[PDB]
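What follows is a set of notes on a single structure, which appears directly below.
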Amino acid sequence: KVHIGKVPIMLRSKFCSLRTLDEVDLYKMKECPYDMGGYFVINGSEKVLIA
DNA sequence: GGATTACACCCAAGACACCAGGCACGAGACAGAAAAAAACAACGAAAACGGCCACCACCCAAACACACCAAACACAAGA
């Protein structure tokens, strides 16, 4: 399995680690339940792709 | 073919080259070019055979004449 690179992950998508959590664990992970995702985190900065 | 398309002000966010073939030096091989020799042209010397004048005799050319034929004024005919 040659490592060919790292692909940034869209938050609240099927590959995010915040997809399987419930509201309780979300609270423990410092995540706002109102936050809907849809953006990326690059160097700690939230980025959104404009259509 | 270029060149220009409002004015002022505020804030945030990322990068501030990395990596790959050419110059120098680093050494071989046919080609860019140089040296030589052997079959290429000619000329000097000897050999004898082809070329020139005689001698020569038979075959073609000219003269004589034959009969034969082509031809040209004109007496006659003719429209």
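No lab work stands behind these numbers, since they all come straight from the coordinates. Cβ coordinates were reconstructed from backbone atoms using ideal geometry, including for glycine residues, and neighbour counts include every protein chain displayed.
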List the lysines whose alpha-carbon lies under 20 Å from that of A:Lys6, not counting same-chain residues fewer than 8 positions away?
-> A:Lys14, A:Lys47
Using Cα pairs under 8 angstrom and six or more residues apart, how large is the relative contact order of chain A, in percent?
-> 34
In debye to the nearest 20, how big a dipole does chain A give about its Cα centre with +1 on each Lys and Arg Cβ and -1 on each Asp and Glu Cβ?
-> 340
Points 7 angstrom from Cα along the Cβ direction at A:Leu26 and A:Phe40: gap in nanometres?
-> 2.4
Could you give the length gained on full extension between A:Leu49 and A:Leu18, defined as 0.36 nm per residue of separation minus the Cα-Cα distance, in nm?
-> 9.2 nm
Work through the residues other than A:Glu23 whose Cβ is under 14 Å from its Cβ and net out their charges, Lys, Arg +1 and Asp, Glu -1.
-> 0
Could you give the spread of the C-alpha atoms of chain A along their three principal axes, from largest to smallest, in whole angstroms?
-> 37, 30, 19
Read phi for every residue in region A:39-49 and hand back ³J(HN,Hα) as whole Hz from Karplus 6.51 cos²θ - 1.76 cosθ + 1.60, θ = phi - 60°, with x for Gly and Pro.
-> 10, 10, 10, 10, 6, x, 10, 6, 10, 10, 8
Neighbour-limited loop hits for trypsin sites (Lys or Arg not before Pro), chain A (at most 14 other Cβ within 10 Å; DSSP other than H, G, I, E, B) | A:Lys1, A:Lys6, A:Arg12, A:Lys14, A:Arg19, A:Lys30
